Amino acid sequence: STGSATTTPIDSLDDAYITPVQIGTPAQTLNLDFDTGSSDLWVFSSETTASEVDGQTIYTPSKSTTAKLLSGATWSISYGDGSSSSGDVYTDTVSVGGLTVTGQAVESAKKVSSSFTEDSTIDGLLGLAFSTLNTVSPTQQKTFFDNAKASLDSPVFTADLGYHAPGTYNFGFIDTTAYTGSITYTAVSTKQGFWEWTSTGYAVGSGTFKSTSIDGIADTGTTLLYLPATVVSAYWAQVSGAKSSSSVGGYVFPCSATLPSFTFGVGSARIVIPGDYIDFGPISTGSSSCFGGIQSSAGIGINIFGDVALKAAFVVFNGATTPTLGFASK
C-alpha cells in the first residue's frame, strides 16, 4: 500500500504545516502537524477542557463506531517552545492520503497549553520519530508509520515541504518526479529516538564550503534551522545590521536586507537554502526588524534541521531495518 497527502503552511511565514488526517468511522477529518521530532499522535477532542479550545476541529470518539478506549492509558508531552498537552487514549482507524491503519493509538487531549489553544489552525500532532519516544503509559504505543510499515510497498515516507506553498507527505514510495538529480543517503542514529544524522558542513552565500561534522535531527515539527553558535555567527556576519537580540530571543536583521543563501552538506552532496527561506518577517506587526530563520542551538542541547532546511530538499525517511535519511535537491 501507499499514501499521499498534501501539507499546507498554516500562515504566510510557513510557521508550521498541516496535513488532513481521517480518524474514526465515519471519518472525522482533522488537520494535524506531522512532526518527525516526536512520536505521539494527539488531537483536540470532545474531552479537551472547553476553555482551552478556540476554533480547532475536535475528535469525538463517542461518534466513531471503531473507537475503543485504551483502558488505563494516559499520555503527557512537552515541545521545544515549552508548550504541552496531556490526556487519555483511544484506538481507532486512521487514514492519511488513502493509507489506512486500524488500531492506531489516538491520544485524546484533556489539557493543552496556551500556545495550542491560541493556534486555531492546528488540530493536533502526528509524530513520525521512533516509537521509543512515544509517551503513552503504562503501555507505550506505536506511531502511524510504525503501524503502517509492514503494509507499505517500501518502508519509507518522504517529506516535500513547500516554501510559501503546499507540499506533500508520501508513504510507501519515492516519487522520482518530485526531485532533481539524485538522492544522497546518510546514516541515522536512533539512540535518542530521533532521525539523527551528521551533516558534512556548510557554506554561507557564495563562500567556500567548510567541512565540519554537524550532528543534528531532521525535524519537520520545528520551524527554524538551529545550528552551533559558530556557524550561525558566520551566517549573520554576512548581513549588514544583523545582531543577536536577547530581548527578542535570537538573531534579527533589517527587513530591508537581501539575505544570503545557506548550504548544508549531505555526504558529498549539497543542499542550498535560498536566502528568502531564512526571512521570518517583522518581529512584531509594522516593525522594520525581521526575525532570522537560522538560530543558535546553544542551550537546546541538539542541532535541529527544521523546516527552513528541510523545505529546500526532498527528504526520504527510510525506515528499513537499518534506518537512513535521503536528501535531494528539487
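Cβ atoms come from the backbone with ideal geometry, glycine included; neighbour counts cover every protein chain shown. Throughout, read-outs are computed from the coordinates displayed, never taken from laboratory work.
There is no residue in segment 69-90 that is crowded, with 23+ Cβ neighbours inside 10 Å, of a type outside the set (S, T, N, Q), within 30 Å of residue 177 (Cα to Cα) and touching a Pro at 6+ places or on another chain (Cβ under 9 Å). Here segment 139-166 is the region considered, the condition is being polar (S, T, N, Q) and crowded, with 19+ Cβ neighbours inside 10 Å, and the residue that is nearest to residue 219 (Cα to Cα) is 158. Kindly establish whether residue 299 is farther than 26 Å from residue 185 by Cα, out of contact with any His (no Cβ under 7 Å at 6 or more places or on another chain) and in contact (Cβ under 8 Å) with a residue 24 or more places away in the chain. No, not satisfied. Do we find that residue 176 is among the polar types (S, T, N, Q), more than 20 Å from residue 274 (Cβ to Cβ), out of contact with any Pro (no Cβ under 9 Å at 6 or more places or on another chain) and surrounded by 15 or more Cβ atoms within 10 Å (Cβ to Cβ) in this structure? No.
Going through (1) over 26 Å from residue 18 (Cβ atoms); (2) aromatic (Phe, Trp, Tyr); (3) surrounded by 17 or more Cβ atoms within 10 Å (Cβ to Cβ) one by one, residue 169 falls short only on (1). For residue 66, state whether it is surrounded by 15 or more Cβ atoms within 10 Å (Cβ to Cβ), under 30 Å from residue 196 (Cβ atoms) and hydroxyl-bearing (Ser, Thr, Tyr). No.
Looking across segment 109-166 at every residue that is in contact with a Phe, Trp or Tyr (Cβ under 6 Å, 6 or more places away or on another chain) and of a type in the set (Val, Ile, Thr), the one that is nearest to residue 39 (Cα to Cα) is identified as 135. All conditions but one from (1) over 18 Å from the mean Cα position of the chain (by Cα); (2) buried (at least 22 other Cβ atoms within 10 Å of the Cβ) apply to residue 218; the one that does not is (1). Within segment 285-304, if we keep just the residues that are small (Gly, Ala, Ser) and surrounded by 15 or more Cβ atoms within 10 Å (Cβ to Cβ), the residue that is nearest to residue 232 (Cα to Cα) turns out to be 296.
Restricting to segment 235-249, name every residue that is in contact with a strand residue (DSSP E or B) (Cβ under 6 Å, 6 or more places away or on another chain), on the phi < 0 side of the Ramachandran plot and either surrounded by fewer than 19 Cβ atoms within 10 Å (Cβ to Cβ) or of a type in the set (A, V, I, L, M, F, W, C) (or both). Across segment 235-249, the qualifying residues are 236, 238, 239, 242, 244, 245. In segment 216-227, the condition of being assigned to a helix (DSSP H, G or I) and either more than 14 Å from residue 305 (Cβ to Cβ) or among the acidic types (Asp, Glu) (or both) is met by no residue. Here residue 96 fulfils each of the conditions (1) under 27 Å from residue 4 (Cβ atoms); (2) more than 20 Å from the chain's Cα centre (by Cα) apart from (2). Being closer than 17 Å to residue 20 by Cβ and either over 16 Å from the mean Cα position of the chain (by Cα) or among the aliphatic types (A, V, I, L, M) (or both) is a property that does not hold for residue 103.
Condition check ((1) under 25 Å from residue 312 (Cα atoms); (2) under 14 Å from the mean Cα position of the chain (by Cα)) across all residues:
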{"site": "127", "(1), (2)": "yes, yes"}
{"site": "134", "(1), (2)": "no, no"}
{"site": "146", "(1), (2)": "no, no"}
{"site": "165", "(1), (2)": "yes, no"}
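The set of residues in segment 9-50 that are surrounded by fewer than 18 Cβ atoms within 10 Å (Cβ to Cβ) and over 14 Å from residue 125 (Cα atoms) comprises 11, 12, 13, 15, 25, 26, 27, 46, 49, 50.
Being touching a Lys or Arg at 6+ places or on another chain (Cβ under 7 Å) and in contact (Cβ under 8 Å) with a residue 60 or more places away in the chain holds for only one residue in 74, 49, 57, and it is 49.
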